[PDB]
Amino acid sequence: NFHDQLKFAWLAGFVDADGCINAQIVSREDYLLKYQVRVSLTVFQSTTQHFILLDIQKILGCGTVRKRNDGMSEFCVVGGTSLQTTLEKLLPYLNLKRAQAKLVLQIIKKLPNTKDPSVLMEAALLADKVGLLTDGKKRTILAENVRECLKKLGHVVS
């Protein structure tokens, strides 16, 4: 692992630059609560170097690689189980994205209990908090969307 820690450090550098540690509110039509707080780590690269994404997945021992239809490729670790393990590996070497990683780790604490509306609501608040740290400009689903909906659904939060 003296060896491994060099890999993780390298990877941390790569994610700090060409990566994206994020947390979204995704609409889920068949969820009782209508929404999920998705958490993810993602690495982007031109498909012409698709292989490096496969090397990251080997390093982490989880996650998926895909080519998108525009010449780009992506590596993605989605969801509490895989992500938490991944982020603890990178956390000591992350510099730019340590805020998002720590925040996402708080979200992951909550995900087992997001069938409870107040918990789902907590997580979504945290999710918006991550979105302020990123360079996103297309984010439309906010915590206030969740709060309006939860209320309309008959639940009680604040």
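Numbers follow the displayed sequence, beginning with 1.
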35-43 or 115-123, whichever carries the higher mean Cα B-factor: 115-123
Selected stretch [higher average CA B-factor]: 20-28 or 137-145: 137-145
Within-chain third of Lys110 by Cα B-factor, per the entry: lowest
For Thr86, the third of its chain into which the C-alpha B factor falls: middle
Cα B factor band for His50 (lowest, middle or highest third within the chain): middle
Assigned third (lowest, middle, highest) for the C-alpha B factor of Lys58: highest
Chain third (lowest, middle, highest) by recorded CA B-factor, residue given as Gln100: lowest
